[PDB]
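**Q**
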Amino acid sequence: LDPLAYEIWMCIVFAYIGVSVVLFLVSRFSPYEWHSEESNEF
Amino acid sequence: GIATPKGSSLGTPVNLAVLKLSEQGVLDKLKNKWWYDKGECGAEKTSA
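The listed protein sequences correspond, in order, to chains A and D.
Letter by letter, the first sequence follows residues 514 to 551, 564 to 567 of PDB author numbering.
Letter by letter, the second sequence follows residues 733 to 775, 782 to 786 of PDB author numbering.
#1: Do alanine 786 of chain D and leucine 517 of chain A have their C-beta atoms closer together than 9 Å?
#2: Report the three-state DSSP secondary structure of residue 552 of chain A (helix, strand or coil).
#3: Alpha helix (DSSP H) containing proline 544 of chain A: first to last residue?
#4: Helix, strand or coil, according to DSSP, for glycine 771 of chain D in the structure here?
#5: Run through DSSP, which three-state label would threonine 744 of chain D get?
#6: Where do the N-terminal and C-terminal ends of the alpha helix (DSSP H) with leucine 762 of chain D fall, by residue?
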């Protein structure tokens with residue numbers, strides 16, 4: 514883990530969580546798209 | 733350039749002396765040694 518300093522690993526974890534949450538939200542908050550065949566696996 | 737009063741008899745011998753020293757390594761040796769003799773800064783590594 515030396516090649517990347519501790520701060521970068523921390524912020525990597527933060528951004529992984531942020532991206533996962535944002536993707537979940539974006540894919541599955543609009544009822545219009547997935548209302549039919551209730564529609565996305567995200 | 734080494735100076736001298738106009739008309740001084742010492743003008744010629746000093747001229748020939750500097751020619752001789754330039755032919756010898758005295759000038760180059762002195763310049764190379766005095767300059768860079770004790771350069772403190774700088775007399782690369784991989785880091786995260």
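Each residue gets a CB set at the ideal place from its N, CA and C atoms; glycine is no exception.
**A** This is what the structure gives:
#1: yes
#2: Chain A lacks coordinates between 551 and 564, the interval that contains residue 552 of chain A.
#3: 544 to 547
#4: coil
#5: helix
#6: 758 to 766
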